[PDB]
Amino acid sequence: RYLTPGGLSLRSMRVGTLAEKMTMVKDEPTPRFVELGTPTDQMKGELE
Amino acid sequence: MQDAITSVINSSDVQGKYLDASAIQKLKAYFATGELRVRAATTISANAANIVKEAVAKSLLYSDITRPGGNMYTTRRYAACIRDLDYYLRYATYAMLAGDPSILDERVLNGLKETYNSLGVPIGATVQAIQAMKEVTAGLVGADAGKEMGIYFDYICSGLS
Amino acid sequence: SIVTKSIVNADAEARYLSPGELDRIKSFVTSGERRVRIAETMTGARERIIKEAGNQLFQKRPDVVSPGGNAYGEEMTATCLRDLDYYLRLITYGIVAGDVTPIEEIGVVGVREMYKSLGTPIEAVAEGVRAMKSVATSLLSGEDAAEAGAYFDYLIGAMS
Amino acid sequence: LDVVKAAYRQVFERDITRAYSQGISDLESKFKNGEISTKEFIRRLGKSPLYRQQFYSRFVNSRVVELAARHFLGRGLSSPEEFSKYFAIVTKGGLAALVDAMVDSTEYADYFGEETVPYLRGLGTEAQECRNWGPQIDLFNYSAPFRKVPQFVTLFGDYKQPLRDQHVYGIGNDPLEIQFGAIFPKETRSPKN
Amino acid sequence: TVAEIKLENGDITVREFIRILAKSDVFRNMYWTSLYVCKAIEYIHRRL
Amino acid sequence: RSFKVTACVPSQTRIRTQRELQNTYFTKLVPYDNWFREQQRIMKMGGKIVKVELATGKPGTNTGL
Amino acid sequence: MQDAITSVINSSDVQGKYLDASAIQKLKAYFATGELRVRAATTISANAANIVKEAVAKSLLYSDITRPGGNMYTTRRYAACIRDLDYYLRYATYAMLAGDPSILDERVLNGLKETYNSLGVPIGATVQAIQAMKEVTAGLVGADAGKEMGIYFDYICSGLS
Amino acid sequence: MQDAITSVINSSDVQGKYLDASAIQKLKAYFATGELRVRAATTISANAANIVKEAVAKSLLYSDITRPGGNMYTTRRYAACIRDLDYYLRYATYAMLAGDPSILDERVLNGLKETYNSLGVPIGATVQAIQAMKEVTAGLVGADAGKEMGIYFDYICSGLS
Amino acid sequence: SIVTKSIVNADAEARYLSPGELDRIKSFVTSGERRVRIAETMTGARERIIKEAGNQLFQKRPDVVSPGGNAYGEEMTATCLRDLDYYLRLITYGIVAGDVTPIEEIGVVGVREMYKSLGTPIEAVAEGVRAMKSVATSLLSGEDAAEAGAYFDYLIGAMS
Amino acid sequence: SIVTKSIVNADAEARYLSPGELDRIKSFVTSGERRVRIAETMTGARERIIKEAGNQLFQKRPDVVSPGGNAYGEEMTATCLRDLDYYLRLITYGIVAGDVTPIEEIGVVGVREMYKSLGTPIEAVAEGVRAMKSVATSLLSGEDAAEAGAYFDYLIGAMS
Amino acid sequence: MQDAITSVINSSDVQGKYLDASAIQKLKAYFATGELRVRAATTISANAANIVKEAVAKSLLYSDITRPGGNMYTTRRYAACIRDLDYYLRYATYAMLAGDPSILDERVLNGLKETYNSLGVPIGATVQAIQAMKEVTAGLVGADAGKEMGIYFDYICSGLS
Amino acid sequence: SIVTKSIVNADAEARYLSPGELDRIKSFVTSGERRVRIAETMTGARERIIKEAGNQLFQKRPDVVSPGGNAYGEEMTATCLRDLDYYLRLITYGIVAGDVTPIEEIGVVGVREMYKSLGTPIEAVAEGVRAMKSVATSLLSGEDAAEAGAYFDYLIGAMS
């Protein structure tokens, strides 16, 4: 039911089990010159 | 565990002598300020679900920490953050009723680097939550009772950092 | 391309194209593998050219991004990097086709009437592609950067 | 000869001329000449590859500063700022600057001085502090280079802390939390304690 | 197994089965005899 | 590079601490990199440097320790 | 704990975004190999006393680690060692089936390098055991699924070494 | 203190036998990838001050820890932390060249869980920062040496805890 | 000199040089005729690089060339180019030595002390030798520039 | 190895590895393929090289064999021939290691007082490894027996 | 402690110019003769005990100074001179690989003259011992490597005198 | 404080409190009411000092504000006013304590390693706190501005 706080560092501070504990990736978005360049229509076939 | 009464009669036990007039004057210095604390401990006990409500909105809310990427994002983490704050009001009223920060060295400053470091809790937001909580508590309890309560809030965050 | 430019050169004189012109096609296609290798590393490093050549531009000339200038604001700086991003797309188009003609038929017919109307200085937008030339050749090797740099020099040569 | 016996015995914790048949012999000749002083014979011993094979490359950099002070200064570290002065020297220039910053200190030359060997200053030879009473005699034992986790900085920082989260009866009474087995940090194998 | 088939019969509950499990000699050898005493207080308190 | 030095360094603490006095006015090679920390240490005790002479080192190099 | 779907949710939850078109192909690469991993586990479990038999037959048997001057020698320490090798295989079935090594880092790699120095068993023989377990397994299951099982074998060997 | 060369020497020395063909295969594997690590150890030691100001500015700056209360609020503790984190990049590229994580274990990783709990620093923000140092070095010396760097950053963060 | 590092290593243990160490000297001496040929490309192209890498510096860092910077004015930037020209000169000492100890005891013992007082940004100096690296490595053959690029590379990291 | 002795020399200076040290490791792994041919050559000729070098040991020094010495016993010479095989265990290690680093801590550190304790003459081993060296230089070609003989003659003077 | 590599660098820096054509021809003079110096060094490192064994038997033994009444009558002194003679060969080896007497000038020469006269060591008996030792190494190493051996043993023999 | 510094010096000589430091402390504590009504007026006008020295810095150092400098952009130049907010906040701790051990332990002892690791010029802060001094001496009266202005002048000496 409970576990010692030094023992939780043994369990969950590994490399594989860290993304569920704190933030890890922090994706920067598309930069605003790229999304100003798209024709707001990402797919087109015969009308090319 | 001890208070102002049981620090005097602990320190005067261990010398072997009885209670003397130098130590009874220390008890009367606690008995002169005892009536101030029971008025102070009553009003916080009727507002324990509301001091926490305002102080989270003072410094924590609408921040990075409330937002995803911050720590108190998931509802599961969020309630806990009220609960891991609500011990800091209940144990601070106990030390205010004691007149000694010996409870605070004993129940609520043991793992308080190592639990919060091994759980992703930022230390620097908890210290900013507590003097956001001290400002609304000393506003609620008065100027005289606010500095006696203000010792035991600043005893916690000094030991927590 | 040189295939398009030699068909219509032979179409107006209305005969089959000469082996002096056919050998230029044969040297074009046999060097066709190398020019995709120039382009496909620039497209894979597309974001890490424009962010630095833009920052080398505003550091060199500060009045553009300064308030009162044309590109002031986070929106106006962003759209004045697309105006740099559009030229990096055409330079990668000109590297694949071998000639400057997909830039000449797209990018540089009326720039002196475009930016006179839009208010941006034409001298400053020729400085940004010079910052783009100094970034992209550093990301390419010693031999291949010279043939890529000629199409960078034609873009500065059309605005100036 | 029994001086240069004891100079090896002070620095390298045991007579490694008698027990391992090795020690740099050109340095003794400059020592026995009277050319270099006994302060210099310690310092040129401290920068030797015999010392960094024995007491620097086997330990953590925080453990080296506690281990060098028992060698050259003859005492434990007394203060966490006095640790933190010497720990910046180890990031500055490594071992050769750390032995330079300690043998040339005024703590050295007031006590040992110029033409005597360093001797470890235990209880009775001078007055001893009460702040580091525990890990100083523990550092003065012969079991000092096998305490791998550092002594002083784990309790110079702990005096400013509150009571650390462990078992109530010490860290050695706290098992590792795995599926089975009941493993324990045995305090006699590696001194966690 | 003579601790076990009392549970399979239903003659004991599980809480009585845990007590008759951890009074055996195989538990006593593994976590009481071969340990320090206040370690062995703490580890049986950890498991049960 | 190292150079010898004759220096006489009294202690000004042996009245207080009551130690065995070692007899100064020594000669030792101090190396070039470690000398000015050791030279300043002679000034903190107030000892007087008598003679500094370059033993080895050929003064004026740009490379070669 | 978490698997290849839960992690790519939790990679895209803490950013605050939805599931974009940059994370669906992380799921679509998982769901393409979804039928491959379930056939890989069902030949492990049918041979699980023979993969552990052929692994020790190339490394530990007839050596002098099972000599009387050896670690393996008493049969209490043998049957633990097969069982301490059972728990490396059975969790390697799990992480291949999950597609993420997080179950290895919680329970197998909990304190395993610090237990082994506290016990005195050698680590350099254990990496020789699991790398002998890797060459038996990839022959049995198949050279497709032996590649993805070889990652989670060596992830234990990265944690032991 | 061991190399990937000398561990194959030492593990073939406790048995007392000579160099077997698989042992020479381990030495011929390290000799085959010998020139890759020295092309990385130049480039990381070139930008050793550029990575430490990039991974800190990625995942550690503008948080609460540089704000008051946190463990980076001091200029004594900012400059201690870059001193705490230059060691992790310097000893990793030491261990990159030797091919053995034995240098990290007895120079860095021995007292590091016990000093960091004693001084009261976040282990969870340190292991954030060393993992933030991974993708900077992976995007600097290419994917081949960076994945070969990533076995020795993830030996640091495995050994912190 | 890689010889002198081996002498102080063997003197510090009072022993002769090991045959592991003498194999390093034997590979050093038989490559020493290659070592002088690296410096003769850089000495004969000394003025080409400095005029190039000056313009490579001043596009990437024109905070120096703008007034208020450390080298503003044409008398100052001539002194900024000879501070570059010392470092191209010193690398040709360090290439033919085999060691980096002529770069050390001449150039980078107190370089964070001198350039702290002199007011110049030392990150721009570390930009400047990096701007000197990209053109000088392209002038060499790629096998020789692998070794010669490393002596450039210690000058980058020991700056900042 | 030569890598660890490059690292722990550069760890005590608390810097990174110098490029003077980084060509030492780079030339080491190119020449590592030569010395592992020596390690296969010494290991295959192991059973031959013990008995003939001991045969030349006995005619040079009969004091071990004769009564009044140590090895006057049919078991007591068999530990001597294993003891010669214990050193050729080490000699093939340091050839692959590129140093005498496996010669040091496994084979040479305590031997001056170990053999003083046991009663065997330390000078008597110093021709037995030398008699081993004269056979090991015979099976090997002279451009490889020069360096493989050099690992032997390090240990010869280190005994006496 | 400077080299023929470094002294042509130092002479090119006390001027302040580049490597000129005269500085090239000094360096190629070193690299042509440097291949035999390493081959000279392996032989004298091999016979470093055997040379000194018969160097004393030519000149030191059965004379007045190894007799009673002489200098070397004590076993400390006869051990000291072999320790003095192994250093003279080892430092002349160090002068041989650099090719300069600057290695020989810094370490050994500054204190031999005034302290042999302080300890009563006969310099006029020392010099014919070591110039006998310079004769016996030329028969061991060959004549072409023997000439540059002879110019640094003269440099010791000039420094003693 | 001074009271710590008088104890710690008297503790090192292991005597009692001298008649010297009995009168340094007594003269400090009868000036204790004077220094707090110095230090209140800094905190009472902290929004004016930061705004005026922020106005005074950026005209002196326009390389910072211009793009490619460090404090460029409305989030970054808000942090440089916050970067100066701490140093005004620290000086009020030093005026109350009567010494600079609040300045030393919090805002001095690792500054040059930190500001090199952030990209800002170190001496540009040393102009700014000097510009912060020039608005703080216009607040106070004359006999107190020599006292509180010395604590500003200590902070300049830590930077440069």
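Order of writing sets the chain letters: A, B, C, D, E, F, G, H, I, J, K and L. Residues in each chain are counted from 1.
Quick note on the criterion: contacts are C-beta pairs under 8 Å (C-beta built on N, C-alpha and C of every residue); 3 or more make two chains touch, one makes a residue touch a chain.
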item: Starting at subunit E, fewest touch steps before arriving at subunit H; value: 2
item: Higher-contact pair (C-beta pairs counted), D-E versus F-I; value: D-E
item: Cα-superposition angle relating the copies subunit J and subunit C, to nearest 5°; value: 105
item: Chain whose averaged C-alpha position falls nearest the assembly-wide average; value: H
item: For subunit B paired with subunit G, centre-to-centre distance based on mean C-alpha positions, whole Å; value: 48
item: Whole-Å gap separating subunit B and subunit H, where each centre is the average of the chain's CA atoms; value: 41
item: Distance from the mean Cα position of subunit H to that of subunit F, given in whole angstrom; value: 42
item: Where subunit K touches two or more other chains, by residue; value: 1-3, 6, 9, 13, 42, 45, 48
item: Two or more partner chains touched - positions in subunit C; value: 56, 59
item: Sequence positions of subunit F contacting 2 or more other chains; value: 62-65
item: Residues of subunit D defined as touching subunit I within the complex; value: 24-27, 47-50
item: Complex contact set, residues of subunit J against subunit K; value: 146, 150, 153-154, 156-157, 160
item: Residue ranges of subunit D touching subunit E (in the complex, touch as defined); value: 167, 169, 173-175, 182, 184
item: For the subunit K and subunit F complex, residues of the former touching the latter; value: 1-3, 6-7, 9-10, 13-14, 102, 105-106, 109-110
item: Sites on subunit H touched by subunit I in the complex; value: 39, 42-43, 45-49
